[PDB]
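Undergrad: Would you be able to build a 3D model of this:
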Amino acid sequence: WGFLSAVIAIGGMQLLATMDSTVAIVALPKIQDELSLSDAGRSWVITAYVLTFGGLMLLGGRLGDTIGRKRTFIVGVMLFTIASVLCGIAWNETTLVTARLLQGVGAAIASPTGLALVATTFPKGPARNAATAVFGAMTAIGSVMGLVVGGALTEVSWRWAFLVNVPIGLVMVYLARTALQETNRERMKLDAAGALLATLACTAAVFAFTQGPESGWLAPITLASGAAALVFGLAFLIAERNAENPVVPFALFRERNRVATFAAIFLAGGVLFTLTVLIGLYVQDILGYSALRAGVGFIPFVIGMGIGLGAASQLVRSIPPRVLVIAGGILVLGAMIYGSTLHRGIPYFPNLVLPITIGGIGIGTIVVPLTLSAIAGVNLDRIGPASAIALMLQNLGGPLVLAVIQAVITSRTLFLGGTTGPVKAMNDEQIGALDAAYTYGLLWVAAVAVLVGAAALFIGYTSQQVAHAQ
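TA: Numbers count the residues shown, from 1 in each chain. Here you go:
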């Protein structure tokens, strides 16, 4: 009976974690029209979120056994809700930026603790797989609902588009306070000496990654940011190798299977984020369907992820995870093969819905065992850092591959013929070249997914080890 009141309560962080991002991406032009904001305005609006989501990632993950688990999650969602309502009640660029900074801080405090909590509770067995499936369906539902809300409630006012978090956040705090088990008495202080350095290094890395595409990688600013990040990481390792409670322990890095799983998660998250960004741009640019109907169109994506997620969570206990990841990669590869023959003006069904739902099934079947094996029954002192590492890699993989994939797409557009700019660009004869470039980039994404599968083949974890009982 309480299984639901636990699973939605724990996993609902991803709801806001994706809803806020999608809604902001949708409502950037409305906010620019409303408040006296330039392109750098919305640029820093999103930059604040990414900085406070990346920099506080490691410290947020380590913020356990010091403040607690349930209290950490509750303060995270409280900060998220307060920052969102401050975004709703805004009158200047500075207050909006401060609200976004607080939002990112709260999200970074809460999100790693989500995986830490779903690992601490539901020790091992059917509960863990069902909870991971709930996690995947949760992030999918959050994404689609964010798209729908951004499409629908934008013509009225963006204030509601940012305010919609407060009801969802409030009901989430209701379930979290009511139906989240209090942690046992286990207190342990953390050494901030390495923690501050790691936070600064992650902040510099996210700074460089965000400022790269804004003005190119050739500018000295991004090179200086990357150099600062590298020296900060070097100092962090130097001062952390002999730390009693390191932010990122090396104990999890002494097993080949764990390194393989982390590399697979990094590459798979990158390929997934690139895939969804590409499909979103394709739907919102060439097909011409606005977000109000784009949400309905992407509903089958969520249905496919749900069915594939349930299937994978059911059959993990009997089939090894490596072949499951390989089969999910094959299904996603087939989805890309089917979608490679896409042009403007194609019939809605079954030309488009079938590849989307196939991709959803594949994404679910690959995201069950990867996040099931990232938390592979480590000792409770490192489970938090392990979840923080998993989320950090999942977020970091995305832009790393998306930058090069979009560079390839733009190069193909230039070579075949086209212009980079606003909607409809140059004369309409280049839209076909743009679809060809998008399909070529899709094939490159498929090659990256092939690399993902090859790397995940190295995962030597057996199904009976981390999945079934212990």
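Undergrad: C-alpha only now, for contacts and for neighbours.
TA: OK.
Undergrad: Now the residue positioned nearest the centre of the chain. Its backbone dihedrals?
TA: Per C-alpha atoms, centre = their mean, the C-alpha nearest to the average position across the chain is that of residue 395, at 5.3 Å. With angles defined as degrees, to the nearest 10, residue 395 sits at phi -70, psi -40.
Undergrad: Test my guess that it contacts residue 268.
TA: No - under the criterion of C-alpha atoms under 8 Å, residue 395 lies out of contact with residue 268, with a separation of 10.5 Å.
Undergrad: And residue 418, how close does it get to residue 346?
TA: Applying C-alpha to C-alpha, to the nearest Å, the value for residue 418 to residue 346 is 21 Å.
Undergrad: Looking at the two, which one has more neighbours?
TA: Neighbour totals were compared for residue 418 and residue 346, and residue 418 leads with 21 against 12 (other C-alpha atoms under 10 Å).
Undergrad: which SS class is the more buried one?
TA: For residue 418, the assignment made with DSSP: H, G, I helix; E, B strand; the rest coil gives coil.
Undergrad: Just give the nearest non-adjacent residue to it, would you?
TA: Computed as C-alpha to C-alpha, 6 or more residues apart in numbering, the closest residue to residue 418 that is not its neighbour in sequence is residue 430, at 5.3 Å.
Undergrad: How many residues are close by the one you found?
TA: Residue 430 is flanked by 18 other residues according to other C-alpha under 10 Å.
Undergrad: is it true that it touches residue 414?
TA: No - with contact defined as C-alpha under 8 Å, residue 430 and residue 414 do not form a contacting pair (10.0 Å).
Undergrad: Stretch 343-350: how far from the chain's middle?
TA: Centroid displacement of stretch 343-350 relative to its chain, using C-alpha atoms, centre = their mean, to the nearest Å, is 29 Å.
Undergrad: residues contacting residue 112?
TA: The contact partners of residue 112, taken as C-alpha atoms under 8 Å, 6 or more residues apart in numbering, are 57, 60-61, 384, 387-388, 391.
Undergrad: rerun that using 6 Å as the cut-off
TA: The neighbourhood of residue 112, defined by C-alpha atoms under 6 Å, 6 or more residues apart in numbering, consists of 61, 387-388.
Undergrad: If any of the residues you listed are buried, put those into a PyMOL selection.
TA: Buried members of the contacts of residue 112 can be picked out in PyMOL with the line below, counting by 16 or more other C-alpha atoms under 10 Å:
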select buried, resi 61+387+388
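Undergrad: With distance to residue 252 and secondary structure added, can I get the contacts of residue 112 in JSON lines?
TA: JSON lines is the format used below for the contacts of residue 112 (distance: C-alpha to C-alpha, whole Å; DSSP: H, G, I helix; E, B strand; the rest coil):
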{"residue": "61", "distance to residue 252": "15", "secondary structure": "helix"}
{"residue": "387", "distance to residue 252": "11", "secondary structure": "helix"}
{"residue": "388", "distance to residue 252": "12", "secondary structure": "helix"}
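Undergrad: Take the contacts of residue 112 and lay them out in TSV including distance to residue 185.
TA: Below are the contacts of residue 112 laid out as TSV (distance: C-alpha to C-alpha, whole Å):
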residue	distance to residue 185
61	19
387	21
388	22
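Undergrad: What are the phi and psi values at the residue nearest to residue 418?
TA: The phi and psi torsions at residue 430 (degrees, to the nearest 10) take the values phi -90, psi -10.
Undergrad: what about residue 249, which SS state?
TA: Taking three-state DSSP as the rule, one finds residue 249 in the coil state.
Undergrad: Now for it: which residues touch it?
TA: By C-alpha under 6 Å, 6+ apart, no residues touch residue 249.
Undergrad: Helices along the stretch 151-300 of the chain, start to end?
TA: 158-163, 165-178, 192-215, 220-240, 256-282, 291-315 (DSSP state H, counting those that start in this stretch).
Undergrad: Would you mark the buried spots in the fifth one?
TA: Read it as helix 256-282. Buried residues in helix 256-282, counting neighbours by 16+ other C-alpha under 10 Å, are found at 257-275, 278, 282.
Undergrad: neighbours of residue 420, just the number please.
TA: A count of nearby residues for residue 420, using other C-alpha under 10 Å, gives 11.
Undergrad: hang on, the earlier thing: closest to residue 424 out of the helices of the stretch 151-300 of the chain?
TA: helix 256-282 (12.6 Å; C-alpha to C-alpha).
Undergrad: by how many degrees do that closest one and helix 291-315 diverge?
TA: The directions of helix 256-282 and helix 291-315 differ by 160 degrees, with axes from the mean of the first three to the mean of the last three C-alpha atoms, to 10 degrees as the criterion.
Undergrad: Residue 291: what's it in contact with?
TA: Residues near residue 291 by C-alpha under 6 Å, 6+ apart: residue 151.
Undergrad: Please apply the same query to residue 356.
TA: Applying C-alpha under 6 Å, 6+ apart, one finds that residue 356 lies in contact with residue 301.
Undergrad: when you give positions from now on, start the count at 414
TA: Done: numbering now begins at 414, and the last item shifts to residue 769.
Undergrad: tell me the SS of it?
TA: Three-state secondary structure (criterion: three-state DSSP) places residue 769 in helix.
Undergrad: Can you spell out the domain ranges of the chain, please?
TA: 414-595, 616-657, 662-883 (automatic domain parsing).
Undergrad: most neighbours per residue, which of those domains?
TA: A comparison of the domains of the chain by mean neighbour count, using mean count of other C-alpha atoms under 10 Å, puts domain 414-595 on top with a mean of 21.
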